[PDB]
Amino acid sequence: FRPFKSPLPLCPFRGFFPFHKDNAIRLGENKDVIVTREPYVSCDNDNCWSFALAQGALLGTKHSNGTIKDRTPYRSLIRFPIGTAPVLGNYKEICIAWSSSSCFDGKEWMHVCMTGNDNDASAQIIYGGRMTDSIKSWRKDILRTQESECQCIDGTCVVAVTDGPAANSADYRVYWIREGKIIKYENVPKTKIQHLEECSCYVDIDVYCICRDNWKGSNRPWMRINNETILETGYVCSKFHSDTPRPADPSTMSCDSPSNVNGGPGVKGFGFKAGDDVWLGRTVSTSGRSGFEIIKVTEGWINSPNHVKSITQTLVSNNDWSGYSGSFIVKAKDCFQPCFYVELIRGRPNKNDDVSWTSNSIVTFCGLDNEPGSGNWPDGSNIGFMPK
């Protein structure tokens, strides 16, 4: 017997430390590794797992040619041991999906899997291995979701979903699901948030989601949610923005609306509120998906004239390719430990990655209340060594 996960506070922390790293591309040189993208991490009571959207092809084979394409019927949400490369011998196929979210509620796994035509997609709700519910596209425009772990409190899981234009006004909803059955949804208030994609969420008593505005905001939109309703929304106040592309530091302090500067497109990212402060992951480049750093902004969560980057951890050099990133939590007695993964994208359309495929490796970090050292943990592949 296992109780449902509880609304625990976020553990104290002051730095992030290297956790698991898969070196999936390096290890895929001999065509053993499954082509993937949009990876993430989520944990149950016994293990943390790597998840990702597979492309139904092995890296370096002819079927991997052209996998830059986002949505096909041959993509499945797959799961593999955290820090290992995904191979036919160790993976599990979760569901058919070109967009997904996963979260464990203390007892069973829930998955949200979008697939089908762009104008008529549906989301399948999987609970304990069984398809228990669905969501039918209501704007008929690429129904899609987080690409990282959802969150569950006292048996009720919460997940953010979008249907509509990627570079214009769209529809954003939160769904509450309990044991695989949709209980309700809410349209996200547009009083502050103007665009919302690929939410990275975690628990700190309530569920906090820090997302991607793909339209007008170089700052990141955010939500605070409990097991019943949306409690609060806004954009991260930090005048040091964390989307890509974005303005140079310092930019505008925009707590209540998109910045309206370098607004589109964007990249999936994450953050952690810490008191009135905020930690923000981001690419080192302001324009491209290269490098990765995480900054702590003093008073960056609130409307203040005192914003300052008190810390900057450089985890992937700007000489190396990054990509998506997202939050996940690990239970730690009476608090949740904040962690994150970084997607290291190799292949198209990256400059000088002369291969026909598109894939990624994974690197992860966790927060501790200790002082960290420093280093660099990039993909590490010599693309010249790879089957094209």
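Numbering starts at 1 and follows the sequence shown.
When the C-alpha B-factors of 285-293 and 305-313 are averaged, 305-313 comes out higher. Averaged over Cα atoms, the B-factor as recorded in the entry is higher for 244-252 than for the other of 244-252 and 145-153.
Taking the PDB entry at face value, the top CA B factor among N352, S64, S327, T36 belongs to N352. Residues shown: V363, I345, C48, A54. Highest C-alpha temperature factor in the entry: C48.
In the deposited entry, the Cα temperature factor of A24 places it in the lowest third of its chain's modelled residues. Among the modelled residues of its chain, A160 has a C-alpha B-factor that falls in the middle third, as given in the PDB entry. Per-chain ranking of the deposited C-alpha B factor places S218 in the highest third. In the deposited entry, the Cα temperature factor of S169 sits in the top third of values across the chain's modelled residues. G264 sits in the middle third of its chain by CA B factor, as recorded in the PDB entry.
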